[PDB]
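A quick write-up on the structure given underneath.
Each answer follows from the model by the rule given with it, or from the source it names; none is laboratory data. Positions of Cβ are backbone-derived with ideal geometry, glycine not excepted, and every protein chain shown enters the neighbour counts.
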Amino acid sequence: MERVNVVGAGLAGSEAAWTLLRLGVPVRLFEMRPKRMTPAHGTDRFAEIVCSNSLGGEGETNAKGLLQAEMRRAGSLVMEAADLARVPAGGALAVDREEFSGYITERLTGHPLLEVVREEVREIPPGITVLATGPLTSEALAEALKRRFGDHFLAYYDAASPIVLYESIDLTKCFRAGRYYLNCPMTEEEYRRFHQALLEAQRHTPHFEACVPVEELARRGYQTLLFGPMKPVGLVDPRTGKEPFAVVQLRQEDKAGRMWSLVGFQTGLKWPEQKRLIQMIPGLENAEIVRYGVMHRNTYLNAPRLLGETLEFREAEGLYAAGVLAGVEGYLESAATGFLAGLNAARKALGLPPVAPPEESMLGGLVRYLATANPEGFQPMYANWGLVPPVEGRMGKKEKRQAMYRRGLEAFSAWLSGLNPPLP
Ligand SMILES: Cc1cc2nc3c(=O)[nH]c(=O)nc-3n(C[C@H](O)[C@H](O)[C@H](O)COP(=O)(O)OP(=O)(O)OC[C@H]3O[C@@H](n4cnc5c(N)ncnc54)[C@H](O)[C@@H]3O)c2cc1C
Ligand SMILES: N[C@@H](CCC(=O)N[C@@H](CS)C(=O)NCC(=O)O)C(=O)O
Ligand SMILES: [Mg+2]
């Protein structure tokens, strides 16, 4: 029988396959494990959880909590598995990893319309196909993607800097300018405090070579950051009429301008340390960090250059990407993009046009960011409140988040209800 190809049976591919199957579209699910393992995997199971067993905070104040709720409403297999494999984790949804992957593997393998092929896919399959090969996408397939779409549009590591919410910046301590960006000028004493704090800050341990984490630049000498990302070259501080001693620059990442990254602040610091350090920067004393910096091995595509919000390749009809390969980060985000890619692939198989959830929903905010974010040096994205529209008002952050949760979940549910054919 004719089948939609799903390449990779991780978080994204498992959900993509389930979505296709639910809509009555047969699937050919390729998985190279166990005979070819990635450096992080150890089993033959679909949707193996390779690290932490947390799927994110569940609260109505948590962006991941909204995405969890949306995925339940969608009938996600990953959420079913998580709900059944739930273990205690202080506010987070966390799972017994073996019960989680076991349930997913059983439900998929037992479906009459699923064929499993245990092989490494080395070339882009023809026909309707979802690619979901993850952060450790095999070398051969990565090479195939570079050949087809361009060497510069696939990355092997992320090197993300922190991103803050624009409204949380104190603009009285910044100036907008390009050399000769938002610029946060610093005095020599402020730089010295910041540099010293970087020397001692707690950092994660690796499991890049000209891309050096800022905390490591600090360790390589007092001058290093001043020659690098904190250089004031070509800038004039309107307050002094002179070149500032040092600056931190921020650049706009999203179309809406809610999300601004610290330029050149790639980092492997622990997240609480990043927050402490960031709030030492003039203008950022009360900054809300919506995406923390990270430095790791991570194969992914330039989503804004290559993908629509539908997760279909702009220049390859009926080809889709999901999961980390598509430019997201996180087990849940990967499953959720798998759902959407599978939905659109199923619709394609049925001769129907693709869909995408609304901007108010977390999944919608995420995929719309993938399609429209700044393409230059594009880095992966996880679920956060910067991705959806604000809730206007002067209520506190907790309340705004609760309002965003309710609004988003309702918007997502209405979107689901409008789908034809419906998810049964
Ligand atoms: C070391 C490490 C730790 C992580 N820790 C966390 C964490 O704590 N929390 C979190 O939310 N996320 C974590 N992730 C990030 C990410 O959310 C997970 O990697 C998540 O599983 C991504 O889902 P995915 O479906 O995109 O990829 P995966 O789940 O990795 O699935 C990809 C699948 O494709 C297969 N494959 C690859 N190439 C081919 C090929 N050419 N042919 C056939 N099959 C192929 C792989 O064997 C794999 O089964 C971690 C990732 C890594 C690498
Ligand atoms: N990860 C992508 C995007 C580019 C990238 O990661 N650049 C780094 C170089 S050190 C960067 O500046 N990170 C900090 C930031 O994005 O501001 C790539 O390998 O092509
Ligand atoms: Mg960046």
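One residue alone among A336, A326, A373 is under 28 Å from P213 (Cα atoms), more than 16 Å from ligand 3 (Cβ to nearest atom) and small (G, A, S), and that residue is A326. Within the range 241-253, not a single residue is in contact with a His (Cβ under 7 Å, 6 or more places away or on another chain) and not in a loop (DSSP other than H, G, I, E, B). Please determine, by comparing only the residues of the range 276-306 that are more than 16 Å from ligand 2 (Cβ to nearest atom) and touching a strand residue (DSSP E or B) at 6+ places or on another chain (Cβ under 6 Å), which one is nearest to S261 (Cα to Cα). Among those that are more than 16 Å from ligand 2 (Cβ to nearest atom) and touching a strand residue (DSSP E or B) at 6+ places or on another chain (Cβ under 6 Å), it is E288.
Of all residues in the range 291-323, those that are within 16 Å of ligand 3 (Cβ to nearest atom), aliphatic (A, V, I, L, M) and within 20 Å of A142 (Cα to Cα) total 3. The residue that is farthest from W271 (Cα to Cα), among those in the range 185-216 that are of a type in the set (A, V, I, L, M) and surrounded by 12 or more Cβ atoms within 10 Å (Cβ to Cβ), is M186. The set of residues from the range 204-251 being of a type in the set (K, R) and away from ligand 2 (no atom under 16 Å from the Cβ) comprises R239, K242.
Scanning the range 22-46 for residues that are of a type in the set (A, V, I, L, M) and surrounded by fewer than 23 Cβ atoms within 10 Å (Cβ to Cβ), we see that the one that is nearest to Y331 (Cα to Cα) is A40. The set of residues in the range 254-271 being within 16 Å of ligand 1 (Cβ to nearest atom) and outside any loop (DSSP other than H, G, I, E, B) consists of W271 alone.
From the list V355, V388, which residue is surrounded by 14 or more Cβ atoms within 10 Å (Cβ to Cβ) and either within 23 Å of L55 (Cβ to Cβ) or in contact with an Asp or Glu (Cβ under 9 Å, 6 or more places away or on another chain) (or both)? Only one candidate qualifies: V388. Across the range 179-203, the number of residues qualifying as more than 13 Å from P244 (Cα to Cα) and away from ligand 2 (no atom under 16 Å from the Cβ) comes to 11. Would you check which residues across the range 342-370 are among the hydroxyl-bearing types (S, T, Y) and more than 16 Å from ligand 3 (Cβ to nearest atom) and list them? Hit for the range 342-370 is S361, nothing else.
Taken as a whole, the range 47-60 holds no residue that is assigned to a helix (DSSP H, G or I), in the same structural domain as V388 (by CATH) and surrounded by fewer than 19 Cβ atoms within 10 Å (Cβ to Cβ).
Evaluating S334 against the criteria (1) surrounded by fewer than 24 Cβ atoms within 10 Å (Cβ to Cβ); (2) farther than 16 Å from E60 by Cβ; (3) of a type in the set (S, T, Y) leaves one unmet condition, (1). Whenever a residue of the range 167-181 is in a helix (DSSP H, G or I), its partners that are surrounded by 12 or more Cβ atoms within 10 Å (Cβ to Cβ) and aliphatic (A, V, I, L, M), lying with C-beta atoms within less than 7 angstrom and at least six residues away or across chains, give the pairs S168/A287.
Just one of the listed residues (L141, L145, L66, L84) is in contact with a helix residue (DSSP H, G or I) (Cβ under 7 Å, 6 or more places away or on another chain) and surrounded by 19 or more Cβ atoms within 10 Å (Cβ to Cβ), and it is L66.
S76 falls short of the stated requirement of being among the polar types (S, T, N, Q) and either in contact with a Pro (Cβ under 8 Å, 6 or more places away or on another chain) or surrounded by fewer than 17 Cβ atoms within 10 Å (Cβ to Cβ) (or both). Considering the range 313-424, the qualifying helices (runs of 4 or more DSSP H), each wholly inside and each with 3 or more residues that are more than 16 Å from ligand 1 (Cβ to nearest atom), out of contact with any strand residue (DSSP E or B) (no Cβ under 8 Å at 6 or more places or on another chain) and of a type in the set (F, W, Y), run over 397-417.
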